[PDB]
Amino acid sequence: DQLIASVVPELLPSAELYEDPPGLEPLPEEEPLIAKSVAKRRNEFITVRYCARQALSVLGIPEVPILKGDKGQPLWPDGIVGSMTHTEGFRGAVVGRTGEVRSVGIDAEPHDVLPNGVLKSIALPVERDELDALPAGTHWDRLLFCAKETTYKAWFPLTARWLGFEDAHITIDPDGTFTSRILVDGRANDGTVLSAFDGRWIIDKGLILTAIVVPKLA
């Protein structure tokens, strides 16, 4: 039934909430990050971290703050990878152990057309042609955007480098998979090279959810 669980492997626990339940609070160490933030931002930050801590507990990790690094990335415990996402109607998180996977990214977007002008900013010309050829009945522009954001979230923990929308070609399959091909140098922090990612996607509840797992080194 759950969206994240439908697009990631069983060994990565996940949790998701569609509303902000009453009474949640950040951990004390997290409060400074949202002390001057509007209510919508506070709620998304707090609720998503409740989900992340639930998933962490399945791995046997007890309550821990989830702070943000220099580029906004979540700072997980040593030995853990994970990803979080929040949009109106969705907060979700997934975590895993570094002994089982290398990286994970997820992203939820509303299943609506992109705002005016955004497709031109995020798509390669060839991608625009590809999207126009896909079957009618899905907002392929929004799916592409979501998949590219997930690509960055899986890439950044392994490279510590920017990846722009123009720096990867994403090909969407109607069957619920996609691929991301990196067009820039793919050197990762540990000396390996990233060149392509395999992704999965689902549309339900008026939402798109995309996910990439970078698998354990073969």
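Numbering starts at 1 and follows the sequence shown. Rigid core: the largest C-alpha set superposing within 1.5 Å between the two forms.
Greater average departure of CA atoms from the shown form, over structures and residues in 8 other deposited structures of this protein after a core fit, characterises 188 to 196 among 48 to 56 and 188 to 196. Comparing 68 to 76 with 139 to 147, the stretch with the higher mean C-alpha B-factor in the PDB entry is 68 to 76. Of the two segments examined, 193 to 201 and 5 to 13, it is 5 to 13 that shows the higher average Cα temperature factor in the deposited entry. When the C-alpha B-factors of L163, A154, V48, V58 are read from the PDB record, the largest value belongs to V58. When all modelled residues of the chain are sorted by CA temperature factor, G82 is found within the lowest third. The PDB entry assigns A133 a C-alpha temperature factor belonging to the highest third of its chain's modelled residues. Split the chain's modelled residues into thirds by C-alpha temperature factor. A52 is in the lowest one. The deposited CA B-factor of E30 belongs to the middle third of values across its chain. Per the deposited record, the Cα B-factor of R187 falls in the highest third when ranked against the other modelled residues of its chain.
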